[PDB]
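Enquirer: Can you look at this? It's an experimental structure, sequence on top.
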Amino acid sequence: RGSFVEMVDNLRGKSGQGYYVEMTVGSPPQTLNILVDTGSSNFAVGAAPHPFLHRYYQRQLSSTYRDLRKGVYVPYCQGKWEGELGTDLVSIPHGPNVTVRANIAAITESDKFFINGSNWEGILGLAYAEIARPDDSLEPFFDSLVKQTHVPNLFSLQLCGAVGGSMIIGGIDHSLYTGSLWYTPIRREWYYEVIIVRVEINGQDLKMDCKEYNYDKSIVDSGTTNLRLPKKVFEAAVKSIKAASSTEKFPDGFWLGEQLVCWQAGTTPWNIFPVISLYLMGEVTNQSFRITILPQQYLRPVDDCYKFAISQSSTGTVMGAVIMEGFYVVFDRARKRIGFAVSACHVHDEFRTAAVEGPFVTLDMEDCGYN
Ligand SMILES: O=C(NCCCS)[C@@H]1CN(Cc2ccc(F)cc2)CCN1
């Protein structure tokens with residue numbers, strides 16, 4: 001019921017390279033840094049000596065390894081990872097005090113997957129069984145843990161920008177947030193699908209159809225760095241963000257994310273940039289709430305230099321790290337909902353803060369969902 005002091009501050013990482021938790025697999029225990037991904041469902045770790053890996057999973061040294069003798073080929077964004085399915089004992093050192101037998105994909109070959117210089121050697125798919133590869137019978141890591149232990153079906157994430165954060169498996173830690181929690185319901189249990197009902201740029205309605213905001217789907221994805229928006233939605237968003245930041249003019253390639261914009265030390269004009277507010281469907285009927293991010297969230301540090309961290313998506317809305325770095329996100333799996341509250345560690349200036357406010361009266365919210 002709080003406070004979960006052991007789990008606090010268990011996530012590490014670098015800007016735009018994902019957040020990883022320390023895990024052990026097999027016996028004797030092999031320590032491996034594993035990226036936290038709520039956009040996938042597969043637990044997959046490096047098993048072959050790839051150039052970018054400092055270390056990997058050695059199946060011959062585990063006396064609790066079991067081969068399933070089944071191959072799997074999984075595509076990611078620009079590349080793909082190909083591996084062999086099996087099972088072993090898994091634990092999280094800075095997590096709950098338990099050990100579980102779980103399905104592990106031993107990554108034997110990968111094309112454009114492992115990031116150079118990054119400290120993680122694997123991926124922890126925390127989404128539901130439906131999108132798990134090869135199919136919906138390969139039980140995802142989190143589902144095993146709940147079934148094999150007394151750990152409640154719930155986990156929360158707090159990603160702090162500049163990089164580190166907290167993954168709390170089993171409960172809600174109060175030291176990690178301020179104000180109140182507002183819950184948007186999960187529509188379907190595959191990705192963590194949510195419904196956006198309205199979008200504002202400095203309190204300026206985009207006047208778009210709410211179904212366009214969720215075109216294909218709207219998901220909360222810890223794996224994804226940037227904030228991703230459908231082609232039509234991305235167009236209007238950049239237009240308004242360009243409109244609000246009129247005072248200074250930026251090269252035309254900056255808005256696509258290809259270019260780098262810089263200012264003198266400290267003198268970063270945060271006030272020139274607008275705030276983005278995403279209204280999400282409430283639990284009550286005809287009720288919603290808005291979540292608000294600052295430029296400190298969508299301008300990613302790389303003189304101080306930043307890259308416009310909002311990109312276009314042909315796969316739907318992806319509320320990635322950019323959105324998540326401003327809040328304390330509770331994935332309340334057992335109650336089919338996702339909670340939002342202002343992050344205690346989120347980056348801000350003296351004059352503006354990230355916000356979560358409600359309730360707001362909104363009609364015809366079901367129509368925002370896509371089929
Ligand atoms: O998701 C991203 N952006 C969308 C790219 C267009 S498909 C990546 C995330 N990446 C870390 C990572 C890498 C592998 C992974 F399985 C999960 C997360 C850092 C760079 N951006």
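Expert: Cool, got the structure. Residues are numbered from 1 along each chain as shown.
Enquirer: Once you drop chain neighbours, what's closest to the closest residue to the ligand within the chain?
Expert: Residue nearest to the ligand within the chain: residue 77 (2.7 Å; CB to the nearest ligand atom). Placement of C-beta: from N, CA and C, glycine included. Distance criterion CB to CB, 6 or more residues apart in numbering; nearest residue to residue 77, sequence neighbours excluded, is residue 112 at 8.0 Å.
Enquirer: what's the answer for residue 148, then?
Expert: In space, residue 148 is closest to residue 100, 4.6 Å off (CB to CB, 6+ apart).
Enquirer: Get me the contact residues on this protein for the ligand.
Expert: 16-18, 35, 37, 76-77, 123, 223-225 (CB under 6 Å from any ligand atom).
Enquirer: which ones are touching residue 279?
Expert: By CB atoms under 8 Å, 6 or more residues apart in numbering, the contact list for residue 279 reads 196-200, 288-290, 360, 362.
Enquirer: Doesn't the residue nearest to residue 148 belong to a strand?
Expert: Yes. Checked against DSSP: H, G, I helix; E, B strand; the rest coil, residue 100 lies within a strand.
Enquirer: Show the contacting residues for it.
Expert: 89-91, 141, 144-145, 148-149 are the contacts of residue 100 under CB under 8 Å, 6+ apart.
Enquirer: Go through these and flag which are in strands.
Expert: The strands, defined by DSSP state E, take in 89-91 from the contacts of residue 100.
Enquirer: Enumerate every residue touching residue 282.
Expert: 182-184, 288-289, 358-359.
Enquirer: Mind doing that once more with 6 Å?
Expert: 288-289 (CB atoms under 6 Å, 6 or more residues apart in numbering).
Enquirer: So what does it have for phi and psi?
Expert: Phi and psi for residue 282, reported as degrees, to the nearest 10, are phi -80, psi -180.
Enquirer: Kindly report the same for residue 175.
Expert: phi -70, psi -10.
Enquirer: That one: how many residues sit nearby?
Expert: When neighbours are defined as other CB atoms under 10 Å, residue 175 has 14 of them.
Enquirer: And stretch 212-231, what's buried?
Expert: 212-215, 217-230 (16 or more other CB atoms under 10 Å).
Enquirer: All the helices of the chain, residue numbers only.
Expert: 141-148, 210-213, 231-244, 295-298, 321-324 (DSSP state H).
Enquirer: if you compare those, which one is most tucked away?
Expert: helix 321-324 (a mean of 26; mean count of other CB atoms under 10 Å).
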